[PDB]
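Asker: Data: input_13.pdb, PDB, C-alpha atoms (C1' of nucleotides).
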ATOM      1  CA  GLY A   1     103.857  95.541  42.300
ATOM      2  CA  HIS A   2     101.175  92.847  42.344
ATOM      3  CA  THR A   3      99.953  93.172  38.745
ATOM      4  CA  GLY A   4     102.444  95.466  37.004
ATOM      5  CA  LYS A   5      99.673  97.834  35.909
ATOM      6  CA  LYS A   6     100.153 101.593  35.867
ATOM      7  CA  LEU A   7      98.866 103.481  38.888
ATOM      8  CA  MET A   8      96.130 105.964  38.019
ATOM      9  CA  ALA A   9      97.511 108.574  40.443
ATOM     10  CA  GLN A  10     101.148 109.652  40.416
ATOM     11  CA  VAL A  11     103.087 109.330  43.665
ATOM     12  CA  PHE A  12     105.306 111.819  45.464
ATOM     13  CA  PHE A  13     108.625 110.000  45.581
ATOM     14  CA  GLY A  14     112.016 111.050  46.906
ATOM     15  CA  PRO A  15     114.714 110.762  49.562
ATOM     16  CA  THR A  16     113.994 112.030  53.065
ATOM     17  CA  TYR A  17     115.949 111.920  56.320
ATOM     18  CA  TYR A  18     114.517 109.531  58.914
ATOM     19  CA  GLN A  19     115.776 108.566  62.360
ATOM     20  CA  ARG A  20     115.158 105.478  64.478
ATOM     21  CA  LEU A  21     113.735 106.078  67.948
ATOM     22  CA  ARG A  22     114.405 104.165  71.171
ATOM     23  CA  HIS A  23     110.884 102.686  71.322
ATOM     24  CA  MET A  24     110.940  99.030  70.285
ATOM     25  CA  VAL A  25     108.014  96.620  70.465
ATOM     26  CA  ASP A  26     110.157  93.779  71.842
ATOM     27  CA  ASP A  27     111.119  96.038  74.769
ATOM     28  CA  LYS A  28     107.470  96.845  75.567
ATOM     29  CA  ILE A  29     105.527  93.590  75.074
ATOM     30  CA  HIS A  30     104.326  92.198  78.398
ATOM     31  CA  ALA A  31     102.086  89.348  79.527
ATOM     32  CA  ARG A  32     101.411  87.586  82.817
ATOM     33  CA  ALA A  33      99.247  84.663  83.924
ATOM     34  CA  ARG A  34     100.534  84.085  87.469
ATOM     35  CA  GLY A  35     103.737  85.204  89.140
ATOM     36  CA  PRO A  36     105.218  86.938  92.173
ATOM     37  CA  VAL A  37     102.986  88.919  94.516
ATOM     38  CA  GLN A  38     103.617  91.748  96.951
ATOM     39  CA  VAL A  39     104.424  90.817 100.539
ATOM     40  CA  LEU A  40     102.023  93.319 102.117
ATOM     41  CA  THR A  41      98.889  93.350  99.948
ATOM     42  CA  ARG A  42      99.421  89.944  98.246
ATOM     43  CA  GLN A  43      98.794  91.659  94.893
ATOM     44  CA  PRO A  44     100.791  91.244  91.661
ATOM     45  CA  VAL A  45     104.044  93.210  91.607
ATOM     46  CA  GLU A  46     104.705  96.289  89.461
ATOM     47  CA  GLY A  47     107.171  96.179  86.580
ATOM     48  CA  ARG A  48     107.577  94.452  83.223
ATOM     49  CA  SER A  49     111.018  93.095  84.141
ATOM     50  CA  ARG A  50     109.814  91.740  87.505
ATOM     51  CA  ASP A  51     106.956  89.849  85.770
TER      52      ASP A  51
ATOM     53  CA  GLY B   1     117.680 135.600  70.716
ATOM     54  CA  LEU B   2     118.424 134.388  74.260
ATOM     55  CA  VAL B   3     116.452 131.132  74.601
ATOM     56  CA  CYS B   4     115.066 128.776  71.985
ATOM     57  CA  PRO B   5     111.454 129.683  71.091
ATOM     58  CA  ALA B   6     110.648 126.157  69.858
ATOM     59  CA  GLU B   7     112.415 123.681  72.162
ATOM     60  CA  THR B   8     110.536 123.032  75.412
ATOM     61  CA  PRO B   9     109.354 119.896  77.249
ATOM     62  CA  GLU B  10     105.722 118.777  77.484
ATOM     63  CA  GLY B  11     103.715 118.330  80.664
ATOM     64  CA  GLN B  12     104.498 119.817  84.067
ATOM     65  CA  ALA B  13     107.799 121.191  82.705
ATOM     66  CA  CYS B  14     106.262 122.923  79.672
ATOM     67  CA  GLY B  15     107.604 126.473  79.566
ATOM     68  CA  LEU B  16     109.619 126.115  82.783
ATOM     69  CA  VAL B  17     112.607 124.448  81.066
ATOM     70  CA  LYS B  18     114.460 126.440  78.411
ATOM     71  CA  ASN B  19     117.424 125.953  76.087
ATOM     72  CA  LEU B  20     119.978 128.663  75.367
ATOM     73  CA  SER B  21     120.319 130.015  71.845
ATOM     74  CA  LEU B  22     123.398 129.308  69.744
ATOM     75  CA  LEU B  23     124.920 132.779  70.200
ATOM     76  CA  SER B  24     123.679 133.189  73.783
ATOM     77  CA  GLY B  25     126.134 133.709  76.625
ATOM     78  CA  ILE B  26     126.174 134.147  80.395
ATOM     79  CA  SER B  27     127.967 136.982  82.173
ATOM     80  CA  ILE B  28     130.788 136.033  84.534
ATOM     81  CA  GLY B  29     131.084 139.183  86.655
ATOM     82  CA  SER B  30     133.552 142.056  86.747
ATOM     83  CA  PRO B  31     134.632 144.453  89.512
ATOM     84  CA  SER B  32     132.693 147.711  89.696
ATOM     85  CA  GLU B  33     135.535 149.868  91.069
ATOM     86  CA  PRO B  34     136.890 150.889  87.612
ATOM     87  CA  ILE B  35     133.353 151.902  86.600
ATOM     88  CA  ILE B  36     133.045 154.160  89.650
ATOM     89  CA  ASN B  37     136.513 155.600  89.023
ATOM     90  CA  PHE B  38     135.657 156.386  85.393
ATOM     91  CA  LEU B  39     132.341 157.967  86.395
ATOM     92  CA  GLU B  40     134.015 160.139  89.037
ATOM     93  CA  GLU B  41     136.727 161.163  86.568
ATOM     94  CA  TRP B  42     134.043 162.097  84.010
ATOM     95  CA  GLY B  43     132.300 164.587  86.291
ATOM     96  CA  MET B  44     129.815 162.493  88.268
ATOM     97  CA  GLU B  45     128.587 164.296  91.379
ATOM     98  CA  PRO B  46     128.005 162.381  94.631
ATOM     99  CA  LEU B  47     124.788 162.246  96.629
ATOM    100  CA  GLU B  48     126.313 164.081  99.612
ATOM    101  CA  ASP B  49     126.112 167.476  97.860
ATOM    102  CA  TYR B  50     122.807 166.810  96.073
ATOM    103  CA  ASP B  51     120.531 169.866  96.042
TER     104      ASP B  51
ATOM    105  CA  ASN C   1      75.789 104.595 121.439
ATOM    106  CA  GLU C   2      75.687 102.828 124.797
ATOM    107  CA  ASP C   3      76.544  99.477 123.204
ATOM    108  CA  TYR C   4      78.951 100.468 120.404
ATOM    109  CA  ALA C   5      80.393 104.002 120.716
ATOM    110  CA  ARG C   6      80.884 105.089 124.342
ATOM    111  CA  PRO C   7      82.493 108.533 124.795
ATOM    112  CA  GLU C   8      85.151 107.479 127.313
ATOM    113  CA  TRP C   9      86.470 104.940 124.795
ATOM    114  CA  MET C  10      87.595 107.951 122.725
ATOM    115  CA  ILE C  11      90.524 108.309 125.164
ATOM    116  CA  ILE C  12      93.184 105.625 124.718
ATOM    117  CA  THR C  13      94.155 103.642 127.816
ATOM    118  CA  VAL C  14      95.236 100.364 126.151
ATOM    119  CA  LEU C  15      96.859 100.145 122.727
ATOM    120  CA  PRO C  16      96.183  97.324 120.256
ATOM    121  CA  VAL C  17      99.239  95.733 118.661
ATOM    122  CA  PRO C  18      98.663  94.587 115.059
ATOM    123  CA  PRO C  19     100.125  91.271 113.876
ATOM    124  CA  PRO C  20     103.334  91.249 111.795
ATOM    125  CA  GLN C  21     101.206  90.836 108.651
ATOM    126  CA  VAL C  22     100.257  94.518 108.921
ATOM    127  CA  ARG C  23     103.950  95.441 109.343
ATOM    128  CA  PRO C  24     105.890  92.867 107.304
ATOM    129  CA  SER C  25     109.534  92.270 108.134
ATOM    130  CA  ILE C  26     111.946  93.963 105.744
ATOM    131  CA  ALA C  27     115.535  93.059 104.848
ATOM    132  CA  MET C  28     117.836  95.951 103.963
ATOM    133  CA  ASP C  29     120.624  93.709 102.626
ATOM    134  CA  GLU C  30     120.403  89.901 102.454
ATOM    135  CA  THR C  31     120.828  88.266 105.867
ATOM    136  CA  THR C  32     120.247  91.434 107.901
ATOM    137  CA  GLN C  33     116.537  92.032 108.516
ATOM    138  CA  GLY C  34     115.241  95.548 109.103
ATOM    139  CA  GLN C  35     111.987  96.782 110.589
ATOM    140  CA  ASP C  36     109.076  98.750 109.180
ATOM    141  CA  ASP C  37     108.160 102.265 110.275
ATOM    142  CA  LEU C  38     105.274 100.852 112.319
ATOM    143  CA  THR C  39     107.617  98.475 114.163
ATOM    144  CA  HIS C  40     109.977 101.310 115.105
ATOM    145  CA  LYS C  41     107.079 103.552 116.142
ATOM    146  CA  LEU C  42     105.600 100.831 118.366
ATOM    147  CA  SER C  43     109.042 100.226 119.874
ATOM    148  CA  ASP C  44     109.397 103.945 120.625
ATOM    149  CA  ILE C  45     105.900 104.071 122.144
ATOM    150  CA  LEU C  46     106.631 101.075 124.375
ATOM    151  CA  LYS C  47     109.967 102.609 125.394
ATOM    152  CA  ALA C  48     108.182 105.835 126.335
ATOM    153  CA  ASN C  49     105.582 103.878 128.318
ATOM    154  CA  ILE C  50     108.190 101.910 130.263
ATOM    155  CA  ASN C  51     110.075 105.171 130.871
ATOM    156  CA  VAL C  52     106.871 106.678 132.288
ATOM    157  CA  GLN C  53     106.384 103.669 134.563
ATOM    158  CA  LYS C  54     110.006 103.478 135.733
ATOM    159  CA  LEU C  55     110.119 107.208 136.478
ATOM    160  CA  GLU C  56     106.726 107.137 138.209
ATOM    161  CA  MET C  57     107.892 104.417 140.596
TER     162      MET C  57
ATOM    163  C1'   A D   1     117.923  48.497 123.389
ATOM    164  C1'   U D   2     119.306  51.821 119.945
ATOM    165  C1'   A D   3     122.935  54.270 118.745
ATOM    166  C1'   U D   4     124.596  59.932 118.515
ATOM    167  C1'   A D   5     123.320  64.561 115.993
ATOM    168  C1'   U D   6     128.945  65.888 112.978
ATOM    169  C1'   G D   7     123.057  68.222 106.487
ATOM    170  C1'   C D   8     120.146  70.379 104.783
ATOM    171  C1'   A D   9     117.923  70.979  96.720
ATOM    172  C1'   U D  10     114.879  78.278  95.809
ATOM    173  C1'   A D  11     114.183  82.610  98.615
ATOM    174  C1'   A D  12     110.605  86.743  96.982
ATOM    175  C1'   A D  13     113.390  93.524  99.775
ATOM    176  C1'   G D  14     110.245  97.469 100.096
ATOM    177  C1'   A D  15     109.901 102.668 100.412
ATOM    178  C1'   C D  16     111.437 107.342  98.396
ATOM    179  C1'   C D  17     114.002 110.519  94.502
ATOM    180  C1'   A D  18     115.069 111.988  89.564
ATOM    181  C1'   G D  19     114.444 111.714  84.231
ATOM    182  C1'   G D  20     111.380 110.291  80.224
ATOM    183  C1'   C D  21     106.991 107.761  77.380
ATOM    184  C1'   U D  22     101.180 108.890  75.260
TER     185        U D  22
END
Can you dump the structure from the file as structure tokens?
Answerer:
Amino acid sequence: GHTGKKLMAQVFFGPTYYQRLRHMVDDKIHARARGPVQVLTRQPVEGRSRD
Amino acid sequence: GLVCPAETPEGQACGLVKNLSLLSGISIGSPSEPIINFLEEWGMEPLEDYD
Amino acid sequence: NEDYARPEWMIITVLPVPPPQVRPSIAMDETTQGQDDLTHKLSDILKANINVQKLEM
RNA sequence: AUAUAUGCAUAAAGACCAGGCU
């Protein structure tokens, strides 16, 4: 695609069934600098949603 | 032919969780009195007179 | 050890009571505040002790 | 001598159970 030149090796090419899984990067990215802490141990809480 | 040889979970449930085959079925239960009556009519001898 | 670990101290005659930091107050639903397992156990122990005293007298 | 108070602009549920993810 970049230069328009022929590829030296031929490519296997055809339709194939693919399915989308319920594992999305935007639902798994997590970061924390400072937030809520546990009442007992005063340590950061557990859970991406709970920061 | 009774459970799927390929489908099974991974981890602590590997091999302990099975899936029924497409043609598989489960027995419901039938009375045994007609069976005993047929056997007795067809010459079955009881255990009382067993020599 | 004479100074640190005396054998008769192995038998309990007085019970320490930890501060509420060890057993933080819990709230089952909003305004109502529950108690931890340690709080209930200490309450039961104190109830048993006062029962012992009141039945001994 | 003052004058009533008639007021409140953030608190952090945690422990268990089940099902999945690599």
Asker: Taking the file as I've supplied it (selection: the PyMOL selection byres ((chain B and resi 4-21) around 12)), which residues are included? Please answer as number ranges by chain.
Answerer: B: 1-3, 22-26; D: 19-22
Asker: In the coordinates of the file, take the point (106.4, 89.0, 79.8) and a cut-off of 8 Å; then, counting only C-alpha atoms (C1' of nucleotides), name each qualifying protein, DNA or RNA residue as a PDB file with C-alpha atoms, in the frame of the given file.
Answerer:
ATOM      1  CA  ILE A  29     105.527  93.590  75.074  1.00  0.00           C
ATOM      2  CA  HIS A  30     104.326  92.198  78.398  1.00  0.00           C
ATOM      3  CA  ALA A  31     102.086  89.348  79.527  1.00  0.00           C
ATOM      4  CA  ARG A  32     101.411  87.586  82.817  1.00  0.00           C
ATOM      5  CA  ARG A  48     107.577  94.452  83.223  1.00  0.00           C
ATOM      6  CA  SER A  49     111.018  93.095  84.141  1.00  0.00           C
ATOM      7  CA  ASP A  51     106.956  89.849  85.770  1.00  0.00           C
TER       8      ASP A  51
END
Asker: I need the residue set behind the PyMOL selection byres ((chain A) within 10 of (chain C)) for this file; please write it as JSON, numbers by chain.
Answerer: {"A": [39, 40, 41]}
Asker: Quick one: contact table of chain A to chain D, 9 Å max, nearest atom pair and distance in Å to one decimal per residue, counting only C-alpha atoms (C1' of nucleotides), chain and number order, as JSON lines?
Answerer:
{"residue": "A:23", "atom": "CA", "partner": "D:21", "partner_atom": "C1'", "distance": 8.8}
{"residue": "A:36", "atom": "CA", "partner": "D:12", "partner_atom": "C1'", "distance": 7.2}
{"residue": "A:37", "atom": "CA", "partner": "D:12", "partner_atom": "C1'", "distance": 8.3}
{"residue": "A:38", "atom": "CA", "partner": "D:12", "partner_atom": "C1'", "distance": 8.6}
{"residue": "A:39", "atom": "CA", "partner": "D:12", "partner_atom": "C1'", "distance": 8.2}
Asker: I need the chosen residues saved as a PDB file, in the frame of the given file, with C-alpha atoms.
Answerer:
ATOM      1  CA  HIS A  23     110.884 102.686  71.322  1.00  0.00           C
ATOM      2  CA  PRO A  36     105.218  86.938  92.173  1.00  0.00           C
ATOM      3  CA  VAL A  37     102.986  88.919  94.516  1.00  0.00           C
ATOM      4  CA  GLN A  38     103.617  91.748  96.951  1.00  0.00           C
ATOM      5  CA  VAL A  39     104.424  90.817 100.539  1.00  0.00           C
TER       6      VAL A  39
END
Asker: What do you get, as a VMD selection string, if you spell out every residue that the PyMOL selection byres ((chain C) within 9 of (chain D)) selects here?
Answerer: chain C and resid 26 to 30
Asker: Take atom CA of residue 43 of chain A and atom CA of residue 19 of chain C and report the distance between them in Å, one decimal.
Answerer: 19.0 Å
Asker: Between atom CA of residue 2 of chain A and atom CA of residue 16 of chain A, measure the distance and give it in Å to one decimal.
Answerer: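 One can read the atom CA of residue 2 of chain A to atom CA of residue 16 of chain A distance as 25.4 Å.
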Asker: Could you state the separation of atom CA of residue 51 of chain C and atom CA of residue 35 of chain C in Å, given to one decimal place?
Answerer: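 We find that atom CA of residue 51 of chain C and atom CA of residue 35 of chain C lie 22.0 Å from each other.
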Asker: Adding 4 Å on each side of the box along x, y and z that holds all listed atoms of segment 22-30 of chain B, could you give its centre and edge lengths in Å to one decimal, as lines of an AutoDock Vina configuration file?
Answerer:
center_x = 128.5
center_y = 135.7
center_z = 78.2
size_x = 18.2
size_y = 20.7
size_z = 25.0
Asker: If I only have part of segment 23-39 of chain B, can you fill in N, CA, C and O atoms and write it as a PDB file, keeping the file's coordinate frame?
Answerer:
ATOM      1  N   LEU B  23     124.029 131.664  69.911  1.00  0.00           N
ATOM      2  CA  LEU B  23     124.920 132.779  70.200  1.00  0.00           C
ATOM      3  C   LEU B  23     124.781 133.301  71.624  1.00  0.00           C
ATOM      4  O   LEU B  23     125.467 134.262  71.986  1.00  0.00           O
ATOM      5  N   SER B  24     123.920 132.696  72.436  1.00  0.00           N
ATOM      6  CA  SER B  24     123.679 133.189  73.783  1.00  0.00           C
ATOM      7  C   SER B  24     124.883 132.941  74.686  1.00  0.00           C
ATOM      8  O   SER B  24     125.624 131.968  74.524  1.00  0.00           O
ATOM      9  N   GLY B  25     125.071 133.845  75.653  1.00  0.00           N
ATOM     10  CA  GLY B  25     126.134 133.709  76.625  1.00  0.00           C
ATOM     11  C   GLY B  25     125.667 134.157  77.996  1.00  0.00           C
ATOM     12  O   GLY B  25     124.616 134.782  78.141  1.00  0.00           O
ATOM     13  N   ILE B  26     126.469 133.822  79.003  1.00  0.00           N
ATOM     14  CA  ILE B  26     126.174 134.147  80.395  1.00  0.00           C
ATOM     15  C   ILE B  26     127.312 134.994  80.943  1.00  0.00           C
ATOM     16  O   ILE B  26     128.487 134.656  80.763  1.00  0.00           O
ATOM     17  N   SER B  27     126.962 136.093  81.607  1.00  0.00           N
ATOM     18  CA  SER B  27     127.967 136.982  82.173  1.00  0.00           C
ATOM     19  C   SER B  27     128.687 136.312  83.335  1.00  0.00           C
ATOM     20  O   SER B  27     128.093 135.549  84.102  1.00  0.00           O
ATOM     21  N   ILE B  28     129.977 136.606  83.465  1.00  0.00           N
ATOM     22  CA  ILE B  28     130.788 136.033  84.534  1.00  0.00           C
ATOM     23  C   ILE B  28     130.839 136.951  85.748  1.00  0.00           C
ATOM     24  O   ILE B  28     130.722 136.491  86.887  1.00  0.00           O
ATOM     25  N   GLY B  29     131.007 138.251  85.532  1.00  0.00           N
ATOM     26  CA  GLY B  29     131.084 139.183  86.655  1.00  0.00           C
ATOM     27  C   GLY B  29     132.425 139.890  86.654  1.00  0.00           C
ATOM     28  O   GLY B  29     133.487 139.275  86.568  1.00  0.00           O
ATOM     29  N   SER B  30     132.369 141.213  86.750  1.00  0.00           N
ATOM     30  CA  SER B  30     133.552 142.056  86.747  1.00  0.00           C
ATOM     31  C   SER B  30     133.488 143.038  87.907  1.00  0.00           C
ATOM     32  O   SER B  30     132.397 143.401  88.356  1.00  0.00           O
ATOM     33  N   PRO B  31     134.639 143.469  88.424  1.00  0.00           N
ATOM     34  CA  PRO B  31     134.632 144.453  89.512  1.00  0.00           C
ATOM     35  C   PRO B  31     134.046 145.782  89.059  1.00  0.00           C
ATOM     36  O   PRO B  31     134.210 146.201  87.912  1.00  0.00           O
ATOM     37  N   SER B  32     133.352 146.444  89.984  1.00  0.00           N
ATOM     38  CA  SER B  32     132.693 147.711  89.696  1.00  0.00           C
ATOM     39  C   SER B  32     133.535 148.927  90.060  1.00  0.00           C
ATOM     40  O   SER B  32     133.123 150.053  89.760  1.00  0.00           O
ATOM     41  N   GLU B  33     134.688 148.734  90.702  1.00  0.00           N
ATOM     42  CA  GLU B  33     135.535 149.868  91.069  1.00  0.00           C
ATOM     43  C   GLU B  33     136.028 150.669  89.868  1.00  0.00           C
ATOM     44  O   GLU B  33     135.995 151.912  89.936  1.00  0.00           O
ATOM     45  N   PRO B  34     136.515 150.064  88.774  1.00  0.00           N
ATOM     46  CA  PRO B  34     136.890 150.889  87.612  1.00  0.00           C
ATOM     47  C   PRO B  34     135.734 151.691  87.041  1.00  0.00           C
ATOM     48  O   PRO B  34     135.951 152.810  86.560  1.00  0.00           O
ATOM     49  N   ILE B  35     134.511 151.158  87.089  1.00  0.00           N
ATOM     50  CA  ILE B  35     133.353 151.902  86.600  1.00  0.00           C
ATOM     51  C   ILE B  35     133.140 153.157  87.436  1.00  0.00           C
ATOM     52  O   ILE B  35     132.910 154.251  86.905  1.00  0.00           O
ATOM     53  N   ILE B  36     133.220 153.016  88.761  1.00  0.00           N
ATOM     54  CA  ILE B  36     133.045 154.160  89.650  1.00  0.00           C
ATOM     55  C   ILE B  36     134.162 155.174  89.439  1.00  0.00           C
ATOM     56  O   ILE B  36     133.928 156.388  89.443  1.00  0.00           O
ATOM     57  N   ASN B  37     135.394 154.691  89.258  1.00  0.00           N
ATOM     58  CA  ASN B  37     136.513 155.600  89.023  1.00  0.00           C
ATOM     59  C   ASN B  37     136.331 156.380  87.728  1.00  0.00           C
ATOM     60  O   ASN B  37     136.567 157.594  87.687  1.00  0.00           O
ATOM     61  N   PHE B  38     135.901 155.702  86.659  1.00  0.00           N
ATOM     62  CA  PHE B  38     135.657 156.386  85.393  1.00  0.00           C
ATOM     63  C   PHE B  38     134.534 157.406  85.523  1.00  0.00           C
ATOM     64  O   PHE B  38     134.638 158.525  85.004  1.00  0.00           O
ATOM     65  N   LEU B  39     133.452 157.037  86.214  1.00  0.00           N
ATOM     66  CA  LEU B  39     132.341 157.967  86.395  1.00  0.00           C
ATOM     67  C   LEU B  39     132.775 159.200  87.174  1.00  0.00           C
ATOM     68  O   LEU B  39     132.438 160.329  86.800  1.00  0.00           O
TER      69      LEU B  39
END
